[PDB]
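The chains carry the letters A, B, C, D, E, F, G, H, I, J and K, assigned in the order they are written, with residues numbered from 1 in each.
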Amino acid sequence: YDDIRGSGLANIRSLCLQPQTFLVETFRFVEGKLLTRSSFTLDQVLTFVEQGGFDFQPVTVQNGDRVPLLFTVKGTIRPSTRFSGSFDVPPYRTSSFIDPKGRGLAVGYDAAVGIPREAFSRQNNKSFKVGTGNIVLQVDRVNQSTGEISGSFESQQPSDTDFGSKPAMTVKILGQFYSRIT
Amino acid sequence: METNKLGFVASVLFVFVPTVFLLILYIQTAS
Amino acid sequence: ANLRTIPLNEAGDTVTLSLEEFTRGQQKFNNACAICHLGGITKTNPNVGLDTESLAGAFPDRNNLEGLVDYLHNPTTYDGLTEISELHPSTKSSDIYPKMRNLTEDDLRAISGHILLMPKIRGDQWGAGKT
Amino acid sequence: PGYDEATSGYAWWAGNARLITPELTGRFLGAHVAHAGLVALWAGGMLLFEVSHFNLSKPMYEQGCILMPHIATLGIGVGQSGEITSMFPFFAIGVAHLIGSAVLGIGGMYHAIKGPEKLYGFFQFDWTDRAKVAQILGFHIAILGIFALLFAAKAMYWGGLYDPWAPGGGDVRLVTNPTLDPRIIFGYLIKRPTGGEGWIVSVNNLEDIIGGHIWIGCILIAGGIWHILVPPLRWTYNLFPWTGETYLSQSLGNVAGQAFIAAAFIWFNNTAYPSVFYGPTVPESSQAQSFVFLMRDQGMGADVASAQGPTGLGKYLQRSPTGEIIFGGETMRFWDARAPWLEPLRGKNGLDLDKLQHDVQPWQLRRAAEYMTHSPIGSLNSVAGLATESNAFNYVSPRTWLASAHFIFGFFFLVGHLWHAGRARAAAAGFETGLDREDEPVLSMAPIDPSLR
Amino acid sequence: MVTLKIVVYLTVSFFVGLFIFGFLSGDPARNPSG
Amino acid sequence: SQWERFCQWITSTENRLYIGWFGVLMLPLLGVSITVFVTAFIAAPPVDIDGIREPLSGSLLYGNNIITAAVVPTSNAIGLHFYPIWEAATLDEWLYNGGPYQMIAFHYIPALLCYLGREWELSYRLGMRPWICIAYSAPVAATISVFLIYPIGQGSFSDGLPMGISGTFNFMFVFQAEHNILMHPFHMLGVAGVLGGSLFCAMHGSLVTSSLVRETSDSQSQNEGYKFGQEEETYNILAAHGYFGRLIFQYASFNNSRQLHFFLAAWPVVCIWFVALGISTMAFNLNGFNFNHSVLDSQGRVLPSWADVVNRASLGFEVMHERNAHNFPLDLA
Amino acid sequence: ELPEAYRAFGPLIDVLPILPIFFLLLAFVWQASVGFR
Amino acid sequence: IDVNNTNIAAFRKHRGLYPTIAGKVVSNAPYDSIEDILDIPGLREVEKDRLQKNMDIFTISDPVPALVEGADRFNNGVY
Amino acid sequence: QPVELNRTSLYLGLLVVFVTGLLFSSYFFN
Amino acid sequence: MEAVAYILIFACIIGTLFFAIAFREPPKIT
Amino acid sequence: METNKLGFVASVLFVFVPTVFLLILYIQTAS
């Protein structure tokens, strides 16, 4: 671990998913920059059902506007075979989050307690919906001696709405993945 | 009245930025 | 007075405690058990408190003095499936926890009797703390 | 003589400054030998105090001991998992210190009450006699090096030291193969003092510790022989005044930095300060909390790696800024902690899920159960449990006490070094008693104002 | 940012070298008395 | 020699501002500190202070106030890690993670050490006694305890003093919640020192002002009675002494003035030393006095005291700071 | 606890740690005895 | 208590249920049938019979997505 | 006698005005 | 326009600080 | 930002109405 401590070697058996680009379709898909140092490895995860592992990674990418996207996937093999599928994106933060004003859904205020209801009720009553994302997994390199296949993906999943406060946008994600079918 | 907003602040600095200058010059002459 | 009187067993027999005996048990609560049971709950798991409603609703009913001493003889779960005397201090298992190696039967009796002769003294000041 | 204010120049409250003058060297030696006796007096008596109030039920660090752990670290008295095998070695060292205090107290009383007021023969030093003072420096360096090599030899041959990283628990073991690589040992000196590296506080095995001690023992034997055989060179003539207060000021500054370093060692390091004896560091206690809240959720069926916090980050396990698998929560700041009850959970990427879920080897939970609820938090009147909590628990950690005390000692000694540095420079210059009224240096200086000509 | 790291390393080197070699320029002789 | 000309110019007491060898280190450190602070206080983007992807908006152009602006401390995800401009990927995660705070702090702390050394330097070049640096070591100890020593002891640079007015207030409240500094005796000494230094400053100033020698008319300032460099004493120590002695008792008023000004130096300097040290031992979680549940009645019920009421307010602060960042019930350091 | 063979000192062992804190006090005592001459 | 919206901490309230019964009734979700907890897909007989006593409180009403977003029923975070 | 304001008093007055205005600006804006 | 006031006032403090160091009234010895 | 509009004009007359006074007083002293 001491060789990888400080380097970052982290960033069916354990299925790791390593993006290297984040195109958000702003109103075309433009590629920003990674503001969360290197913590985007969705790691240790014919049809494939989702499992445990780090099936979520919150990564804020950057006009000058931060987009905090919850990169996640919750829900024969040759060098052409693809496992196209769809996943259910949970909200960026769970309902026990509190805004700067004391309000939250599982825990928190129900209204703005600074002032004394009004046009604030879009930010007052917080919602927790679910989104869908389409992911197409390409298989390129297959090594059956170890028992493992690898390839690239493309995934389109929505970003955060701040508990229903701002219209999220879709982000395009590309990168190599590698798994051990067993 | 659809008047220039800064037309107020243009009017008053046009007429008191020189004015204080004159008073400075007068006061230092009188003393 | 009546605060001294506590449930002994599940059969039903309110046993009275000496004031000095209760104080002696109270001290030993703060030397081997206040490491993580200080206040009324457990620091390891913030759900298994040393309160009356929790101990009466334990399986088996551990809101009794003999019940608590027998717990200290054998750490089990809140339903009593696996006797895990290793994650907990245990009167038999002195090797994992050396805190009760010097405690006799009277020490266990006194520490178990002081836990059940506060809750009508305090009320909502031991159960989970005063918020 | 020079024992009052009038014939010394020094008031009662600055009266040990009456020993500065080079004809009063016997008293200088007496004050020192008696002070060393007082140091050994405390070293004996405080250890015997710790032994006399030692309860074997509580491990060592709940007792509030600070000298018991230093001895136990040396593999004396303790064995497997730092269990006290006998209370007699601690008593033997506590009495051996008392006897040394007695002998050193007699020497300090002799050279201050009855012995020769001025030293002579080969012991007469003047502060301006720079070859002699460097020669005394050299003897002190040589004797210090032979203590450092003797400690390294004991760590290698007789008995051993307590290795907290030994296979399972950590038993006393004698270091057979110390790290003699110059690349490794002096690579600690170039590590950044910042988090992750932790310049020399992150020495984390006994081979590195004893190899560095072998190196510095040899380096100090060499420097001591150098100063006995080579007087101060011409380039060290006008660098600073060669008075006695200068020499004191330089000692003060170095030992202030040294106290700051020891505060860092007692607070972060858990190899030279094994947590069986000193209790867990705050980083290791805060990872122990996460590890025990992890093992609570194993068994009651809460899959950890798919669990989000209030913020979408990992509820128990997340990824580092480097992208390594670390414990989630606020304890992500202590992702650099390396306790030996957690290293068999360490894989390649940090905390792999493989030897985490069907790992923990039972004691590893128990140990981390112990370090969770013994954290370095407390008060002046000895209580634990945060600060805004009920007082029942009567406990403050050894590491808290030692780090607090040596930051205090480092700060006062940095102040005292600045005091004596300024005063030594001013006293040698000839203006440490005030401005000369006859000629004041600012009156003979040209004006700083650009308009003034 | 490697070039900026080099610039910072050299700038720190230059200023600390100025400090160090300036305190080996016989600084105690820079007193008013002597 | 060009080098001798340089060492003459640096150590010159002819400069309008003395440079010296501590100043040749001090000036670039201030240049970086001042540049990055003026830059970040105005235009820094929001900083992810507690490592949970909740940017805190601390700069004056991000809808923020002179009172409420702050160079926001470095992210809790960073901890005590060295995080310069070049170890980050870009110039926008460095801004996002609070790198400006660490850059300002890592140049500000050595700049104050060099300012203290520079004070000694100029004392040496002018032939005056060398201990104004000792008096200056008290605010320097205080500002290193809350910028370096408390973050080291707690484990993160996010626990440092924010570079802002309301950030400072937030630091005070969170510190009271977590350490109970008001019941820390070093802080009671610091309060005695600052309030008594203000007492003694006002007292010494009023006494020297009250016993001034008549040199002027009533329609001109009494400050015209003093001439810069005059050798004569401008006030009456005897009259101020007699007044102060009649005010309280005989053996109370300083007759001596050298002792008097040593006391004026010593009281707030020593007490600020002690309160900087108090911050520093609370950095290792050695908190103030604890008197909760200390007065019991006959049965054992806790009778509330005033320390209990202070606890209850500190618990108020305690369960609201860093709300979305404590996943376990035990906020350790 | 200290060994039973030498378990006669009792309060002596209590006194010995704070023995050096009395030497600094006796310094002020001796200086008063000479009168801070 | 509902057995598709409610956490493990509110399965304390029942007379003797913590922790395995509660750790297994929650780990598989959603349950359509109210009596689907009694099939016990991997539990033993000492779990099965004891749950068979306790059927007077269980429900299958509504899994709220704000209450299931990855270990919210196990450790919500409220101590 | 005529009124004076020497240079030092001018600088002191300017700073006390400027710093006091910077202090109270945040509250005048609210 | 609220930041503009703050920056202008801060520039006024900085100008006063420069002019009170650079162009200060010289202290003459008596 | 819902800030006071006149808070700008309050800020600048608070800090330059005294300032010109001082400069008047200084200039007449210097001349």
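Note that a contact is a pair of C-beta atoms (placed from the backbone, for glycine too) under 8 Å apart; a residue touches a chain by one contact, two chains touch by 3 or more.
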Mutual neighbours - chains that touch chain C and chain K alike: none
If you tally the C-beta contacts, which comes out ahead, D-E or D-G? D-G
How big is the gap, in whole Å, between where the Cα atoms of chain C centre and where those of chain J centre? 70
Return the distance between the CA-based centres of chain F and chain I, expressed in whole Å. 25
Could you put a whole-Å number on the gap between the CA centroids of chain A and chain G? 68
Where chain G touches two or more other chains at once, the residues are none
Interface hub residues of chain I, defined as touching at least two other chains: 2-3, 6-7, 14, 18, 21-22, 25-26, 29
Please output the residue numbers of chain C that touch at least 2 other chains, ranges allowed. 43, 46
Using the touch definition from the top, list the residues of chain H that touch chain A in their complex. 64-67, 69-70, 72, 76-78
Note which residues of chain E are touching chain D in the complex, please. 23-24, 26-29, 31-34
Chain I partner contacts - residues on chain F that touch it in the complex: 65-68, 219-220
Note: in the complex, chain J contacts chain D through residues 24, 26, 29
The residues of chain F that touch chain C in their complex are 299-302, 329-330
